[PDB]
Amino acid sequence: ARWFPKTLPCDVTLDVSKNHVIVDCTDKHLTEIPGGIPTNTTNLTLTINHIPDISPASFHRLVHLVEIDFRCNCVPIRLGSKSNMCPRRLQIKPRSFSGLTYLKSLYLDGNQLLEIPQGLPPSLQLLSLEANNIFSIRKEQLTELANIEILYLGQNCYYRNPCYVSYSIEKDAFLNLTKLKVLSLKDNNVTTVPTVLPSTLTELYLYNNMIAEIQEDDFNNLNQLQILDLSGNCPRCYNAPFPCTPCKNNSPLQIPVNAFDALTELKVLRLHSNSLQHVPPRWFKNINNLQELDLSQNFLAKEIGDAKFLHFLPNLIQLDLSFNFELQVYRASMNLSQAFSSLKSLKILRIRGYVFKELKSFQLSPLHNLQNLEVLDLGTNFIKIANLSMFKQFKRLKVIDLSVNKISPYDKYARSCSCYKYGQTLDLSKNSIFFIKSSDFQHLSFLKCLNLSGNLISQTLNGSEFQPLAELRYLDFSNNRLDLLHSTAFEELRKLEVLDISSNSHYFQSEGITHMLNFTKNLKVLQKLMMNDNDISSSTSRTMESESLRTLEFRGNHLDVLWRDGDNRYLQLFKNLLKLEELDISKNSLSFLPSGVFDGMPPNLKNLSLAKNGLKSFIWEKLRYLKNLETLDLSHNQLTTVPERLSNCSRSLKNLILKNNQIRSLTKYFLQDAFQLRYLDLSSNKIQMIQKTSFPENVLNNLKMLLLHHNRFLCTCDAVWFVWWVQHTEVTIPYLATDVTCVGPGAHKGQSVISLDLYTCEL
């Protein structure tokens, strides 16, 4: 099959059409790069490791490298886990990258460098030096980057990685970079923008810095700029969960009126957390193609009432005005200006953090004509009175956020080391609704969704609550207190397809009261039912019936009491679910499955999940009754013995999952004649040996995935074929060189099975 044993502990991906040989050593804890790298490699990745340094002998016989990822080998003091500490910082000998004539990208983030390395090839187009200790920019060290295009010099001096010195950039340091397009100086303690910047810049990220004043001759040459991020300069420090230094006298970022003049191709402008109080319309005079405008965490509560600058943004797509409230000011209503009607191309409008008392109908009148408006975020506003019927005008919308408000009837780009698909959505989750009336949801027949998660509604539904919701296809009733006393629950939701009544264990924990689990009989088009984490311990109805239910999640419940010894009542609980194909009966404290319960299983079942249950002895001969089962899931269980013969067990099972099990040895005809298998998991086990008579190539040649890591393989001369099978077969085994180790014998401890060579076996 294979006579080329490659002991490389890194993943290899081949793309002949793209000429890409990707070697991936992510999270491999290597101290030195492995020997024998194929010379056709193009992409090279080395994440968090323990590699001390780099020498020119590292990339000596690799010229075709086009991407080198050396990110975060020695993470700084506060940016990563302190379980992997380097003795010192990273050092690079001179001319360590000059031999890479085809290099085009380099990632050196989080390695505690003092200055920019020298000797880089002129073909380099990307260079990222984030999370380093480079707080000084000069021209002589940038002369070699005359052909760079993307430069990430961010996260160099701030509270996570301090340097105690303001960012020093000499005059015209980036001027001679005629090919530079992206420049990110985020979290660098920058005092002034490094003028002059190259005129070919397209993305400028100067956010989360200490820039206090902007000059009129700052962006005077940037005519091709498209993204300008000045967020966090003079930030809003009140109740900030991060160390922030505000400006003196609580002054905002001093931006002149004639500042965004040369910016003509600007499409994204984020001024989030700048302590701004006024937004002059002169800023938006020359930027005609502005699409995204972030103005969050400011003091624009009085500006939103006027909002004159909105008259200069006819092509605005997004508008973030979150958390603009005043201190000790509880407003009675939201004061949206009429100029909001000038945003013709507006799609998303998030006005969170604008806390007020009552949301009336005519308060959203400027938004009554935005034909392109889809999302309307109004969460975290602590609204008290809000008649939902007023939303009968926003039918063309897609998301109506009515979040944690109490209606009643820093660096988000940190690259560290639902209902929107069904239609109209009313997200009333985490509100102060404690009972459901039919008149409250009136004039809301167009709703395809209704999220009532976390409202803590204690109500006995008899089939008269969600009456106006005729077109409802998804109802989220999680984190409440549902009382299933009548089988007529959710009977008026004719077009209901998905029902989530999870986390309603309050009334289900009680013993003796009626629990009609046959409430799905009146649901004719119900496709998915999520009732997990409900602690369902009893049920008056004996069976569950449905003409269309295909998915059922019954995890975190008590089937161990329903299938108790001698209690033959609830054995056929899911037998009448004809169209059921996806069962998720897991975490149900099931210590054993009583013989006969599989006879009360849906005949069309395909997906069975029995994870985190506690099965002490799961029988296998009863799987013949499930002639359509394909994805049996027995992960995180306490099984002891694997089946006798998988061929006699099932004819359609192909996705056996036995993760985190307790198995000490496989059988000797396990995979005999089980050709239909295509997926097997045996991770985190206690097995000792696996022979050949149970693993022939007729069955191994078709398996797509096979996980045999984190176990107790004893690598002695007892399973020599396994050796000849582990390093000479192309079956996909992930983590085959670092996680699956050898616990013995003696000097053979911790050895990888891929590099096994016992010459003293057949001398």
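Each residue number is its position in the shown sequence, starting from 1.
Is it true that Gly80 has no coordinates in a third or more of the other entries in the comparison? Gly80: unmodelled in at least a third of the other compared entries.
Check whether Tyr410 has no coordinates in at least a third of the other compared PDB entries of this protein, counting only entries that model residues on both sides of it. It is, since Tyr410 is left out of at least a third of the other entries that model both flanking stretches.
Unresolved deposited residues in the interval that joins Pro409 and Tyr410: In the record, 10 or more residues between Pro409 and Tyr410 lack coordinates.
How much of the deposited sequence is absent from the coordinates between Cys417 and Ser418: none, 1 to 3, 4 to 9, or 10 or more residues? 10 or more residues are missing.
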